[PDB]
Each structure stands twice: as structure tokens, then as C-alpha cells.
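Undergrad: Next up is a structure, given as C-alpha cells.
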Number of protein chains: 2
Amino acid sequence: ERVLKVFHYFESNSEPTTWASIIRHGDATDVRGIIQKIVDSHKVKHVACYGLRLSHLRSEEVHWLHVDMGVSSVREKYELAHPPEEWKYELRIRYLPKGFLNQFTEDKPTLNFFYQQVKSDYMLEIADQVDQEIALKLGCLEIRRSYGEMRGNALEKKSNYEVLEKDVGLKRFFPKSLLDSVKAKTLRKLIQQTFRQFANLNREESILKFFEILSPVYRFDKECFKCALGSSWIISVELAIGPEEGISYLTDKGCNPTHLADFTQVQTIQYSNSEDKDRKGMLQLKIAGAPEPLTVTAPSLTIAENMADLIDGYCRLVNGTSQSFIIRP
Amino acid sequence: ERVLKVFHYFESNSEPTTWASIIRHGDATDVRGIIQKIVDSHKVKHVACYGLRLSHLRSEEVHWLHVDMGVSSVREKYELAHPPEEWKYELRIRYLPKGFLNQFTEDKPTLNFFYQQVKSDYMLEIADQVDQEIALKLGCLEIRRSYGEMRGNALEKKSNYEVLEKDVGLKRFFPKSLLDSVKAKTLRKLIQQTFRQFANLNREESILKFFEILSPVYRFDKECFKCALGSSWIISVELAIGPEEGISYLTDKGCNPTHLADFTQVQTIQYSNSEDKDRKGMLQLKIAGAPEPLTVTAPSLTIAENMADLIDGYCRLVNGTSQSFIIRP
């Protein structure tokens, strides 16, 4: 019996980068058990949406650990390639229900977890590069969510503004790209003016306004994979996997998808090693009412495996099961 | 926190009318929760196909319990009217996908569950009234399925045929209608003669040929309801609801249906009491691309409620949600 530190996105009054839970487990404990123990602690309704992402701290290596995998078997395997201080385990929401935001507002621990997760990704990945009107609104909205006391024109008084700027930092709400490039108090005639259009909202209306604003410049509701379809004339595409498109491919005309299969039609999921000279990842989906299986060639076995995990998650969610649709050969 | 006895169709080597599960539930458990607790044990994939039927033993009263209803609230209501020993709760497959047989072969616990359920209904409802050629093959196919070690030339020998007479029982495979009207040894010239055409079939092929033969004389892939359509000039019809017709009404020509809507078109379901002469149940479906709702007028609220459950089950199955399409005004 050992213990495991899982970073997660359930908020407390500490600093975001320290949010975590230490879970102790046996050699029969699987990843599903780890997940239920952490969220049940927070009275989460939508347990089936959560998964466990293992990232290598010193590269781009990432493994989504399947709910059926044993934690000890997993911890034993990945500690061979790298030392324990080189791995980060985080709980993320990965499998979204159809109409997830509406369904998440009806389960507020998860609505917030998702909000935290999406905001965090937003900062670490696209906050610096985004239209600075957007970066403003999103920032204002998070201030409005934590500090429900700064109503209407209350940030225009200076003795509350400095509670947010000089000591703690504005970098908690705004990208560094924007806090540097504009002047010390041209920034706050912009913030106080921007704040006014959201000053009336409670926190839940703020969380939802956050998503409305962010979605058109950052699709957090899907995952895309560069890969190739076919068993004879292999064509390379960008697959889009998500709640409202099922399995789709991008047709160069934005993230707007062309449909391929519904999760309800996927009967079996299968992923192997590429039988030849390169180390590509293979993926086969048996689709109902379709003679040919859907064959996917991914750049690596790691990526094939991560994709199988995403598709199995939606399959489980869309039927009402805990049983995996993945098989062996 | 109480216990509940749910009859079902997962086979064990006990006696068939005694197959059941005792599930423990609290006062937050919904029907969906009961169903999950029963099926997860058997690695069932298509959980969204299952529903829960409550029948009163001392009348013809039947209530389909909606997955969102809470078990204890339901159970309190019907235990007011009659004591527990007069109620039977059975898990049933009620919502079928298009190409359901094909879909079930890739989830054999359900294929087996469905077979048992359909075979049971057959014996309890129409086995006695069906052409005795049909009764012969159907009875035989269960034998070829039940004893998977016994090959084709094994029933022609007299000393194992009576292993099925004296110990197991012939009433287990054939209607009493047939075991009585033909004599003991004209009947085995009949069983042995019929059995030979199915001797190569394994268990999966036995089940599928069972459905193949049964389907033309007993529709187990649909439900029919006597009711009336329209909001003004009410016409009385027989609705036929199922995977291969969606919502249809019958028009004189057998169970041969006229199409009305596909489940994918159903936007909202709404069912209330008739403010009119009888305690009729009203049922309104908003259909996409039709300005006018489809109004269904049923003989009682109970039938209206049972129809709402069927249509909602299919709406959930066909889209991929747990979210109900039933709205409550």
C-alpha cells in the first residue's frame, strides 16, 4: 500500500498550482478507483466525465491512463522510463456529455472544476496570443467570480483596486502579454470600463459568460488529432473528437467538422503497433452497419492509445456503461 | 435505506422464474441507479436499452418506471395501494437500436438477456396458440442452446432423450398445448426429426435462428398502443413504436406501419391529465420541422405515462444523452 499525489481542479483558498489530493491505494486498485475517491470527496454527480492524465514534466510525453488499468501496474511501468519526480498526475474532465455546460450547471462541483481546468489551459496556452479585447473580458469575468463584492462602479474607487494589483498580482487574471505592453493606468481605465458590462453578474452567470466568450477562439469542447484514415489509399486528415460531432475530420475550413461516425455506432475499439519499419500507432473502430472497419494511423502508439481512450470514454458515456469497448488484437 | 427485489433475465443454473437480484438503495437512488447496480455485475454494454417495469400481481395494472424517478418515492406510492408481496419489479429490455440483433451480438450478455426475455414472453403468451411446427423448432433451438456439449446424433438414442423427460422436464422447452395433444412416443419421433436441422449451430447461431423463426408470428421488436391523434378532430388509431418504424400508426394492413416521425426529430415530450370527460392522458411531442405538435390522447394517464417512457427511452438511446426529453408544464 503506497500513496499517490494527483493534481486536480477543485478550488480551495490556496494557489491554483498546489491544488491536489494524496490518495493511498493497493495492487488491485485501478484508475477508476482513484478517480471515484477524489471526486466523491467533493460530492460530484458526473463521475463518468473524469479521467487521469499522466504527463512527463521534462518533455511533451503524455499518457491518458485508462479507467480499467491498475494503478500499481501503471506506476511500475512509467517509473521505468523516468524517475517519480519527473511525473505529474492530474485529474481532468475529458469526456463531455452531450450539452455538457447545461448539464454541468446542475452539478456545481463539476461546473467549477471544468471552469478551473479550462481557464488554466487558457492561461498556459492561448492567453498571450489572443485579441486583447478577449483577454480583457475573460480576466474581468474571473475577478467578478471570486470577488462578488466589487459590484457596478466599485472598482473605479482606488482603495479596492490596489488589493488586486501591487501585492498579490494582476497576473492571476490577465496574460503577461497584456500587463506589460500597455501602461500602468491605461490598463485600469480599460479594466474598469470593461468590468462594467459584467459587473451585475453572479458567479455562475460569469462562468457561463467566460465559456461563451472563449469558445470562438479556443475550442475546449473537443480534441483534434493529426492522423490518417484508410486501409488501402491512406489519406491524412485532422480528426475532431467531441460531444457534438462524434468522430469527425476537419476540412481545412476551421475546426468546423465533417461527420464520420456517432459514438452510438462504435461497437469495438482496437489499437496496436504498426507492423512495419516505422513506429506508428494503429487504431481500428468496428462501426455498426458499416462493412469496413474505420482504420486510423497515428504518428505513434502513444497517440493511438490516447485516442482509443478518448473514444472509449464517449462510448461508455453515451451507452450507460462502466464496461470498456476496447479489445486485444 | 431499504432493499428491493428486481426480477431479471441474466441466466444462472437455478430455476428460470427465480432469476433475480436484491439491490440495496437509499432515498437518493433513482431507477437509473437500480438498473446500473443490477447490470454492472454482468459487464453489460448497452445499458441504455434497459428499463424497469412494475406489475401488480392481482390485476392487469402495469407501470414503467422512468430512469429519473427516485426509487423510494416510487415505492412509497405504490405500497400505499397494495402490500409489497403484490408487486413485481422486473428489469426488461425496452428500447431497441436499429439493427438491434446485430448490435447485441457484440455485447453477448445483452443478447442473452434479450433472448431469455423474448423466450419467456413467448411461453407465457403465445406458445400454446402457435403452429406446432413453430413450437417444435423453437423448443428444439433452446435445447441446442442449453446443452452445448450435446452434438447432432445424440438425441436419436433412447437413453438420453429420457434424461430430458424424467429429470429436467419437457415443459421447459415446449408448450403444454403440444406435450398433451401428441403421444409420448409420436412426440419424440417429432423432436428428434426436427432437431437435426439445427445440429451444427453454436449458442449464438441458436439464439439468432430462434429470433428468425419467431419474428413472423410475434412482434417483439415493437409496442402498439390504442389511442387517438390530433388536437381538434381527434382520430383514433393504433400507434406502433419501435426501432424500425419510429413512431407509426397502423392502417388496417396488419402490423404494417405508416411513418409519422423518427425519434431523432423528437424535440420535447409533455404529458398531462385530460381536463375533459374521462381520466384520459394527454401526450404532446414537439417535432423538428413541423410547427404543430403531435397530440396523442390515451385512455388513461397510466398509458400516457407508459408511452412517454417508451418514446423518451428511444430519444435518449438515439441521441446520446442521459438528459430526458420530458418537460414538466
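Going through the C-alpha cells in order, the chains are called A, B, and so on, while each chain numbers its residues from 1 and the ligands are numbered from 1 in the order shown.
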Residues of chain A were defined as contacting chain B if any atom lay at most 10 Å from it, counting only C-alpha atoms; please report them as a PDB file with N, CA, C and O atoms, in the first residue's frame.
TA:
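Resulting contents of iface27.pdb:
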ATOM      1  N   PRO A  97     -20.530  15.218 -21.603  1.00  0.00           N
ATOM      2  CA  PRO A  97     -21.865  14.808 -22.023  1.00  0.00           C
ATOM      3  C   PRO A  97     -22.376  15.729 -23.137  1.00  0.00           C
ATOM      4  O   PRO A  97     -21.982  16.907 -23.228  1.00  0.00           O
ATOM      5  N   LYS A  98     -23.283  15.199 -23.949  1.00  0.00           N
ATOM      6  CA  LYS A  98     -23.963  15.999 -24.924  1.00  0.00           C
ATOM      7  C   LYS A  98     -24.659  17.127 -24.148  1.00  0.00           C
ATOM      8  O   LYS A  98     -25.290  16.870 -23.117  1.00  0.00           O
ATOM      9  N   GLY A  99     -24.506  18.370 -24.618  1.00  0.00           N
ATOM     10  CA  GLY A  99     -24.988  19.540 -23.898  1.00  0.00           C
ATOM     11  C   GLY A  99     -24.380  19.679 -22.508  1.00  0.00           C
ATOM     12  O   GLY A  99     -25.084  19.930 -21.527  1.00  0.00           O
ATOM     13  N   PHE A 100     -23.057  19.574 -22.433  1.00  0.00           N
ATOM     14  CA  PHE A 100     -22.333  19.455 -21.163  1.00  0.00           C
ATOM     15  C   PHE A 100     -22.451  20.666 -20.237  1.00  0.00           C
ATOM     16  O   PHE A 100     -22.596  20.488 -19.035  1.00  0.00           O
ATOM     17  N   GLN A 103     -25.688  20.662 -18.621  1.00  0.00           N
ATOM     18  CA  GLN A 103     -25.795  19.540 -17.722  1.00  0.00           C
ATOM     19  C   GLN A 103     -24.861  19.754 -16.518  1.00  0.00           C
ATOM     20  O   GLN A 103     -25.128  19.232 -15.427  1.00  0.00           O
ATOM     21  N   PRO A 243     -18.195  15.916 -28.145  1.00  0.00           N
ATOM     22  CA  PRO A 243     -19.580  15.621 -27.773  1.00  0.00           C
ATOM     23  C   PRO A 243     -20.582  15.879 -28.888  1.00  0.00           C
ATOM     24  O   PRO A 243     -21.526  15.091 -29.008  1.00  0.00           O
ATOM     25  N   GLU A 244     -20.435  16.970 -29.633  1.00  0.00           N
ATOM     26  CA  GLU A 244     -21.452  17.301 -30.609  1.00  0.00           C
ATOM     27  C   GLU A 244     -21.125  16.916 -32.055  1.00  0.00           C
ATOM     28  O   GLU A 244     -21.932  17.136 -32.941  1.00  0.00           O
ATOM     29  N   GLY A 246     -19.192  13.821 -32.588  1.00  0.00           N
ATOM     30  CA  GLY A 246     -18.802  12.438 -32.509  1.00  0.00           C
ATOM     31  C   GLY A 246     -17.414  12.394 -33.062  1.00  0.00           C
ATOM     32  O   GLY A 246     -16.616  13.275 -32.762  1.00  0.00           O
ATOM     33  N   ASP A 262     -20.981   8.165 -35.236  1.00  0.00           N
ATOM     34  CA  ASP A 262     -21.532   8.531 -33.945  1.00  0.00           C
ATOM     35  C   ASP A 262     -20.928   7.603 -32.914  1.00  0.00           C
ATOM     36  O   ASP A 262     -20.638   6.437 -33.211  1.00  0.00           O
ATOM     37  N   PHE A 263     -20.762   8.089 -31.694  1.00  0.00           N
ATOM     38  CA  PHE A 263     -20.276   7.210 -30.660  1.00  0.00           C
ATOM     39  C   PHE A 263     -21.239   6.007 -30.471  1.00  0.00           C
ATOM     40  O   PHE A 263     -20.785   4.886 -30.242  1.00  0.00           O
ATOM     41  N   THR A 264     -22.543   6.202 -30.673  1.00  0.00           N
ATOM     42  CA  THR A 264     -23.507   5.098 -30.508  1.00  0.00           C
ATOM     43  C   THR A 264     -23.268   3.949 -31.494  1.00  0.00           C
ATOM     44  O   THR A 264     -23.709   2.823 -31.251  1.00  0.00           O
ATOM     45  N   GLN A 265     -22.579   4.235 -32.603  1.00  0.00           N
ATOM     46  CA  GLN A 265     -22.330   3.223 -33.634  1.00  0.00           C
ATOM     47  C   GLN A 265     -21.041   2.437 -33.415  1.00  0.00           C
ATOM     48  O   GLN A 265     -20.866   1.381 -33.997  1.00  0.00           O
ATOM     49  N   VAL A 266     -20.125   2.959 -32.606  1.00  0.00           N
ATOM     50  CA  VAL A 266     -18.869   2.263 -32.363  1.00  0.00           C
ATOM     51  C   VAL A 266     -19.098   1.013 -31.525  1.00  0.00           C
ATOM     52  O   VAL A 266     -19.388   1.116 -30.329  1.00  0.00           O
ATOM     53  N   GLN A 267     -18.886  -0.157 -32.120  1.00  0.00           N
ATOM     54  CA  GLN A 267     -19.082  -1.431 -31.432  1.00  0.00           C
ATOM     55  C   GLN A 267     -17.829  -1.933 -30.730  1.00  0.00           C
ATOM     56  O   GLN A 267     -17.919  -2.426 -29.606  1.00  0.00           O
ATOM     57  N   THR A 268     -16.672  -1.861 -31.390  1.00  0.00           N
ATOM     58  CA  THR A 268     -15.413  -2.254 -30.748  1.00  0.00           C
ATOM     59  C   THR A 268     -14.289  -1.286 -31.073  1.00  0.00           C
ATOM     60  O   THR A 268     -14.261  -0.704 -32.154  1.00  0.00           O
ATOM     61  N   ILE A 287     -17.550  -0.199 -36.786  1.00  0.00           N
ATOM     62  CA  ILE A 287     -18.720   0.666 -36.751  1.00  0.00           C
ATOM     63  C   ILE A 287     -19.957  -0.097 -37.200  1.00  0.00           C
ATOM     64  O   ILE A 287     -19.928  -0.815 -38.187  1.00  0.00           O
ATOM     65  N   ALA A 288     -21.040   0.047 -36.455  1.00  0.00           N
ATOM     66  CA  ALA A 288     -22.274  -0.659 -36.751  1.00  0.00           C
ATOM     67  C   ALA A 288     -22.864  -0.288 -38.121  1.00  0.00           C
ATOM     68  O   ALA A 288     -22.954   0.896 -38.484  1.00  0.00           O
ATOM     69  N   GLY A 289     -23.250  -1.309 -38.886  1.00  0.00           N
ATOM     70  CA  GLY A 289     -23.914  -1.085 -40.155  1.00  0.00           C
ATOM     71  C   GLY A 289     -22.933  -0.583 -41.185  1.00  0.00           C
ATOM     72  O   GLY A 289     -23.315   0.057 -42.166  1.00  0.00           O
ATOM     73  N   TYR A 314     -16.232   8.318 -24.523  1.00  0.00           N
ATOM     74  CA  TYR A 314     -17.521   8.725 -25.080  1.00  0.00           C
ATOM     75  C   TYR A 314     -18.445   7.518 -25.268  1.00  0.00           C
ATOM     76  O   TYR A 314     -19.641   7.600 -25.002  1.00  0.00           O
ATOM     77  N   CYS A 315     -17.900   6.395 -25.712  1.00  0.00           N
ATOM     78  CA  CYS A 315     -18.716   5.202 -25.836  1.00  0.00           C
ATOM     79  C   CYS A 315     -19.376   4.803 -24.515  1.00  0.00           C
ATOM     80  O   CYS A 315     -20.601   4.554 -24.473  1.00  0.00           O
ATOM     81  N   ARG A 316     -18.590   4.812 -23.432  1.00  0.00           N
ATOM     82  CA  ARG A 316     -19.140   4.467 -22.126  1.00  0.00           C
ATOM     83  C   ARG A 316     -20.221   5.468 -21.714  1.00  0.00           C
ATOM     84  O   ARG A 316     -21.299   5.071 -21.300  1.00  0.00           O
ATOM     85  N   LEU A 317     -19.958   6.750 -21.922  1.00  0.00           N
ATOM     86  CA  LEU A 317     -20.869   7.827 -21.542  1.00  0.00           C
ATOM     87  C   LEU A 317     -22.209   7.829 -22.289  1.00  0.00           C
ATOM     88  O   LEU A 317     -23.233   8.212 -21.742  1.00  0.00           O
ATOM     89  N   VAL A 318     -22.173   7.439 -23.555  1.00  0.00           N
ATOM     90  CA  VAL A 318     -23.304   7.502 -24.484  1.00  0.00           C
ATOM     91  C   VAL A 318     -24.223   6.271 -24.358  1.00  0.00           C
ATOM     92  O   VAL A 318     -25.448   6.404 -24.372  1.00  0.00           O
ATOM     93  N   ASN A 319     -23.656   5.073 -24.217  1.00  0.00           N
ATOM     94  CA  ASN A 319     -24.448   3.991 -23.630  1.00  0.00           C
ATOM     95  C   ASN A 319     -24.391   4.302 -22.135  1.00  0.00           C
ATOM     96  O   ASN A 319     -23.798   5.312 -21.742  1.00  0.00           O
ATOM     97  N   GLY A 320     -24.970   3.507 -21.261  1.00  0.00           N
ATOM     98  CA  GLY A 320     -24.857   3.933 -19.869  1.00  0.00           C
ATOM     99  C   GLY A 320     -23.964   3.024 -19.058  1.00  0.00           C
ATOM    100  O   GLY A 320     -24.386   2.549 -18.004  1.00  0.00           O
ATOM    101  N   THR A 321     -22.740   2.794 -19.533  1.00  0.00           N
ATOM    102  CA  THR A 321     -21.896   1.701 -19.028  1.00  0.00           C
ATOM    103  C   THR A 321     -20.625   2.099 -18.313  1.00  0.00           C
ATOM    104  O   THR A 321     -20.146   3.235 -18.461  1.00  0.00           O
ATOM    105  N   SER A 322     -20.127   1.160 -17.501  1.00  0.00           N
ATOM    106  CA  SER A 322     -18.770   1.185 -16.967  1.00  0.00           C
ATOM    107  C   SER A 322     -17.831   0.272 -17.770  1.00  0.00           C
ATOM    108  O   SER A 322     -16.603   0.333 -17.640  1.00  0.00           O
ATOM    109  N   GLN A 323     -18.424  -0.601 -18.576  1.00  0.00           N
ATOM    110  CA  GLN A 323     -17.680  -1.578 -19.386  1.00  0.00           C
ATOM    111  C   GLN A 323     -16.957  -0.978 -20.592  1.00  0.00           C
ATOM    112  O   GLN A 323     -17.556  -0.263 -21.384  1.00  0.00           O
ATOM    113  N   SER A 324     -15.682  -1.299 -20.764  1.00  0.00           N
ATOM    114  CA  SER A 324     -14.933  -0.762 -21.896  1.00  0.00           C
ATOM    115  C   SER A 324     -15.250  -1.488 -23.195  1.00  0.00           C
ATOM    116  O   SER A 324     -15.617  -2.678 -23.194  1.00  0.00           O
ATOM    117  N   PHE A 325     -15.133  -0.733 -24.289  1.00  0.00           N
ATOM    118  CA  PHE A 325     -15.351  -1.222 -25.641  1.00  0.00           C
ATOM    119  C   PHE A 325     -14.034  -1.594 -26.325  1.00  0.00           C
ATOM    120  O   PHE A 325     -14.041  -2.052 -27.465  1.00  0.00           O
TER     121      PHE A 325
END
Undergrad: Tell me, as a list in words, which residues lie within 8 Å of residue 272 in chain A, counting only C-alpha atoms; anything in the same chain fewer than 6 positions away does not count.
TA: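 Near neighbours after the sequence-gap exclusion: residues 281, 282, 283, 301, 304 and 329 of chain A.
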Undergrad: Using only C-alpha atoms, determine which residues lie at most 10 Å from residue 201 in chain B, disregarding the query and same-chain residues fewer than 6 positions distant; provide the list as a list in words.
TA: residues 141, 144, 145, 148, 151, 152, 207, 208 and 209 of chain B
Undergrad: Export, as a tab-separated table (two decimals), in the first residue's frame, the selected residues with N, CA and C atoms.
TA:
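Contents of the output file part07.tsv:
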chain	number	residue	atom	x	y	z
B	141	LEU	N	-34.54	-25.39	-30.61
B	141	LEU	CA	-33.44	-24.43	-30.62
B	141	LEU	C	-32.99	-24.07	-29.21
B	144	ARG	N	-30.75	-27.07	-28.24
B	144	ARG	CA	-29.44	-26.94	-28.89
B	144	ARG	C	-28.59	-25.85	-28.23
B	145	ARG	N	-29.26	-24.92	-27.56
B	145	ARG	CA	-28.57	-23.81	-26.92
B	145	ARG	C	-28.20	-24.15	-25.48
B	148	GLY	N	-24.82	-27.29	-24.68
B	148	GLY	CA	-23.85	-27.02	-25.73
B	148	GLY	C	-22.78	-28.06	-25.98
B	151	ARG	N	-23.91	-33.01	-29.26
B	151	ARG	CA	-23.98	-32.94	-30.73
B	151	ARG	C	-25.14	-33.67	-31.41
B	152	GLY	N	-25.30	-33.40	-32.71
B	152	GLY	CA	-26.44	-33.82	-33.51
B	152	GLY	C	-27.02	-35.22	-33.49
B	207	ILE	N	-29.61	-18.78	-30.86
B	207	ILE	CA	-30.40	-17.62	-30.47
B	207	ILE	C	-30.89	-16.86	-31.70
B	208	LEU	N	-29.99	-16.58	-32.64
B	208	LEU	CA	-30.35	-15.80	-33.84
B	208	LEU	C	-31.34	-16.50	-34.76
B	209	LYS	N	-31.26	-17.82	-34.86
B	209	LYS	CA	-32.20	-18.56	-35.68
B	209	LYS	C	-33.55	-18.65	-34.95
Undergrad: Give me every strand (DSSP E or B) residue in range 240-289 of chain A, going by DSSP on the backbone, as a PyMOL selection string.
TA: chain A and resi 240-242+246-250+257-261+266-273+281-287
Undergrad: Residues of range 1-63 of chain B that approach range 69-86 of chain B to 8 Å or less, counting only C-alpha atoms: could you list each one with the shortest pair of atoms and its distance in Å to one decimal, rows by chain and increasing residue number, as a tab-separated table?
TA:
residue	atom	partner	partner_atom	distance
B:25	CA	B:71	CA	7.8
B:26	CA	B:72	CA	7.4
B:27	CA	B:72	CA	5.6
B:28	CA	B:70	CA	6.5
B:29	CA	B:70	CA	5.7
B:30	CA	B:70	CA	4.0
B:31	CA	B:71	CA	5.7
B:34	CA	B:71	CA	7.9
B:56	CA	B:86	CA	5.9
B:57	CA	B:86	CA	5.3
B:58	CA	B:86	CA	6.6
Undergrad: From a DSSP calculation on the backbone, collect every residue of range 38-218 of chain B in helix (DSSP H, G or I) and output the set as a ChimeraX atom specification.
TA: /B:38-40,47-49,71-81,84-86,100-104,108-125,132-146,152-154,158-161,163-168,176-181,187-198,203-217
Undergrad: Can you pull out every residue within 12 Å of residue 13 in chain A, counting only C-alpha atoms, but drop anything in the same chain fewer than 5 positions away, and send it as a ChimeraX atom specification?
TA: /A:18-19,146
Undergrad: One decimal, in Å: what's the spacing between CA of residue 142 in chain B and CA of residue 91 in chain B?
TA: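 CA of residue 91 in chain B lies at a distance of 21.8 Å from CA of residue 142 in chain B.
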Undergrad: May I ask which of the residues B:254, B:216, B:299, B:242 is the closest one to residue 276 in chain B, counting only C-alpha atoms?
TA: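 Closest to residue 276 in chain B of all the choices is B:299.
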Undergrad: With a distance cut-off of 12 Å and only C-alpha atoms, select the neighbouring residues of residue 129 in chain A, excluding the residue or stretch itself and same-chain residues fewer than 6 positions from it, and output the selection as a PyMOL selection string.
TA: chain A and resi 122-123+135+174-178+217-218
Undergrad: Just to be explicit: take each residue in the selection above, keep N, CA, C and O atoms, and write the result as an mmCIF file, in the first residue's frame.
TA:
data_model
loop_
_atom_site.group_PDB
_atom_site.id
_atom_site.type_symbol
_atom_site.label_atom_id
_atom_site.label_comp_id
_atom_site.auth_asym_id
_atom_site.auth_seq_id
_atom_site.Cartn_x
_atom_site.Cartn_y
_atom_site.Cartn_z
ATOM 1 N N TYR A 122 -6.374 27.918 -20.728
ATOM 2 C CA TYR A 122 -6.457 29.191 -21.435
ATOM 3 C C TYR A 122 -5.221 30.066 -21.119
ATOM 4 O O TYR A 122 -4.575 30.594 -22.036
ATOM 5 N N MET A 123 -4.894 30.225 -19.834
ATOM 6 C CA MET A 123 -3.694 30.976 -19.454
ATOM 7 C C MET A 123 -2.411 30.360 -20.047
ATOM 8 O O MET A 123 -1.663 31.041 -20.749
ATOM 9 N N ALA A 135 -8.919 38.953 -23.985
ATOM 10 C CA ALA A 135 -8.112 38.745 -22.780
ATOM 11 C C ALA A 135 -8.613 39.612 -21.638
ATOM 12 O O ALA A 135 -8.514 39.236 -20.472
ATOM 13 N N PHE A 174 -4.924 38.045 -15.769
ATOM 14 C CA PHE A 174 -4.551 38.541 -17.086
ATOM 15 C C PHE A 174 -3.237 37.968 -17.602
ATOM 16 O O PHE A 174 -2.317 37.681 -16.822
ATOM 17 N N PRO A 175 -3.154 37.800 -18.935
ATOM 18 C CA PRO A 175 -1.945 37.273 -19.568
ATOM 19 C C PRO A 175 -0.810 38.276 -19.425
ATOM 20 O O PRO A 175 -1.072 39.483 -19.425
ATOM 21 N N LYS A 176 0.430 37.796 -19.357
ATOM 22 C CA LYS A 176 1.594 38.669 -19.183
ATOM 23 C C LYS A 176 1.777 39.569 -20.407
ATOM 24 O O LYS A 176 2.211 40.713 -20.280
ATOM 25 N N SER A 177 1.372 39.063 -21.573
ATOM 26 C CA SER A 177 1.390 39.815 -22.829
ATOM 27 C C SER A 177 0.711 41.167 -22.708
ATOM 28 O O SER A 177 1.115 42.131 -23.354
ATOM 29 N N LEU A 178 -0.340 41.229 -21.901
ATOM 30 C CA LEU A 178 -1.145 42.439 -21.823
ATOM 31 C C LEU A 178 -0.737 43.349 -20.655
ATOM 32 O O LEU A 178 -0.797 44.574 -20.774
ATOM 33 N N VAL A 217 -12.581 31.239 -29.891
ATOM 34 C CA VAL A 217 -11.165 31.446 -30.193
ATOM 35 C C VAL A 217 -10.332 30.325 -29.590
ATOM 36 O O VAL A 217 -9.101 30.339 -29.649
ATOM 37 N N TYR A 218 -11.019 29.383 -28.956
ATOM 38 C CA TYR A 218 -10.375 28.241 -28.319
ATOM 39 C C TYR A 218 -11.402 27.156 -28.036
ATOM 40 O O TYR A 218 -12.178 27.261 -27.085
#
Undergrad: Write out as number ranges by chain the residues lying within 6 Å of range 155-163 of chain B, counting only C-alpha atoms and excluding same-chain residues fewer than 3 positions away.
TA: B: 166-167, 192
Undergrad: If you keep C-alpha atoms, can you produce a file of those selected residues as a short mmCIF file (atom, residue, chain, number, x, y, z; two decimals), in the first residue's frame?
TA:
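File again_7.cif, as written:
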data_model
loop_
_atom_site.label_atom_id
_atom_site.label_comp_id
_atom_site.auth_asym_id
_atom_site.auth_seq_id
_atom_site.Cartn_x
_atom_site.Cartn_y
_atom_site.Cartn_z
CA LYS B 166 -37.95 -37.50 -16.28
CA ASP B 167 -35.38 -35.13 -14.72
CA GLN B 192 -35.61 -35.99 -32.98
#
Undergrad: To one decimal place, how far is CA of residue 87 in chain B from CA of residue 11 in chain B in Å?
TA: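 These two atoms are separated by 22.2 Å.
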Undergrad: Would you work out the distance separating CA of residue 241 in chain B from CA of residue 5 in chain B, expressed in Å to one decimal?
TA: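 Spanning CA of residue 241 in chain B to CA of residue 5 in chain B is a straight-line distance of 29.0 Å.
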Undergrad: For residue 53 in chain B, please output as a ChimeraX atom specification all residues within 6 Å (counting only C-alpha atoms; exclusion window: fewer than 4 positions along the same chain).
TA: /B:63-64,89-90
Undergrad: Write the residues of the preceding selection, restricted to N, CA and C atoms, as a PDB file, in the first residue's frame.
TA:
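part-v2.pdb written:
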ATOM      1  N   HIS B  63     -46.820  -0.425 -14.638  1.00  0.00           N
ATOM      2  CA  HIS B  63     -46.208   0.899 -14.683  1.00  0.00           C
ATOM      3  C   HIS B  63     -44.747   0.818 -15.078  1.00  0.00           C
ATOM      4  N   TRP B  64     -44.356   1.490 -16.161  1.00  0.00           N
ATOM      5  CA  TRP B  64     -42.928   1.581 -16.495  1.00  0.00           C
ATOM      6  C   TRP B  64     -42.306   2.733 -15.711  1.00  0.00           C
ATOM      7  N   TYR B  89     -41.180  -6.242  -9.569  1.00  0.00           N
ATOM      8  CA  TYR B  89     -40.312  -5.332 -10.331  1.00  0.00           C
ATOM      9  C   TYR B  89     -39.441  -6.134 -11.253  1.00  0.00           C
ATOM     10  N   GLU B  90     -39.589  -6.013 -12.570  1.00  0.00           N
ATOM     11  CA  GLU B  90     -38.614  -6.685 -13.431  1.00  0.00           C
ATOM     12  C   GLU B  90     -37.868  -5.758 -14.350  1.00  0.00           C
TER      13      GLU B  90
END
